[PDB]
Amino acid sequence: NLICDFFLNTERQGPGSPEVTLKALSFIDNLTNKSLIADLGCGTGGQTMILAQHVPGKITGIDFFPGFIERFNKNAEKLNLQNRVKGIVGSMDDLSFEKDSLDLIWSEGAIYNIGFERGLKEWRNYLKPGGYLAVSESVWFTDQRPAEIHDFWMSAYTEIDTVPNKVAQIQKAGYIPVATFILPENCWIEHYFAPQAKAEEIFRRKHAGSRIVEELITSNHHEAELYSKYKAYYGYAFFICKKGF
C-alpha cells in the first residue's frame, strides 16, 4: 500500500485549486475566532492550509492515512498554524465530535468514501444550526453520457449524479442549498493530473520493480485519458449547505 507514498509527493490527491477553495469560502458568512471547523478527508491538508490562512478559528483535519496527517502537521508547523490547525487520523464514518458543535465542515473530493447522502445525513449531527457544510463531489453535467465514461464511473463511485439530484438531496437532508458551482477544468488538468506527471518519474524509479507502482501509474494515466475525452459530461461541483431549523 504505497498508493499513499505517491500522493505524498503532490500538492493534492484530488481536483481543486486555491481560487476554488476561496470561492467556496466566499459563501460562508458565520466564521469568527471562536468557530470550530473540521475538514474531512483532508489528505495532506493543502486546501486546509489555504483555508486556515483566510478564516479565523480552529480547524481539525481528519484523514484515514497516517502518512497524510504526518505531512499535514509538519506543514502546519512550517506555517506556524500548528496552534489552530491540528491533523488527526480518523474516519468520516466514525467521528467523535460533540453533537451540534461545529460551525463549518469542509471536504473536497473526499465525501465519496462514505457516500454523498450518507454524509449529508450523518455529518449534519455535528453542526450548529445555521452551521455550514462545504463539499466538492463528482457530478454529471448532463442527463446523457457516453457508455465508456458512464461504466467507468459505475465501477469507481456509483453515487455520481447530476447537479439537480445532488441539490434536492441537500434540501431533503435538511439543509438550504446556499451555493453550488461547477469546478473549472484547470482544477483537474492543471492542479491534479499535471503535478502527477513529475511525481511519477521519481516515484516509479525510487520503487523500480514494485508491481503496485507500475499499475498505479496505469490507473492515473487511464483516468487522465477519460477526462481529456469526456470532460464535457462530468467534473466536480462544490456545494455549500447551511443546516436548517
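Residues carry their position along the shown sequence, with the first being 1.
*Hey, which bit's got the bigger mean C-alpha B factor in the entry, 102 to 110 or 87 to 95?*
According to the PDB entry, the answer is 87 to 95.
*Going by the average Cα B-factor in the PDB entry, point out whether 121 to 129 or 145 to 153 comes out higher.*
It is 145 to 153 that shows the higher mean C-alpha B-factor.
*Tell me, please, which of 213, 59, 51, 182 has the highest C-alpha B factor according to the deposited entry?*
Result of the comparison over 213, 59, 51, 182: 213.
*residue 234 CA temperature factor, ranked by third within the chain*: CA B-factor rank for residue 234: middle third.
*Rank-wise, by C-alpha B-factor, drop residue 35 into the lowest, middle or highest third of its chain.*
For residue 35, whose C-alpha B-factor we compare with every modelled residue in the chain, the answer is the middle third.
*asked:* Split into thirds by Cα B-factor across the chain's modelled residues, where does residue 166 land: lowest, middle or highest?
replied: For residue 166, whose C-alpha B-factor we compare with every modelled residue in the chain, the answer is the lowest third.
*Looking at the C-alpha B-factor of residue 26, is it in the lowest, middle or highest third of its chain?*
Within its chain, residue 26 is a lowest-third residue by C-alpha B-factor, going by the deposited values.
*Name the third of the chain's ranked CA B-factors that contains residue 44, choosing lowest, middle or highest.*
Middle third by C-alpha B-factor.
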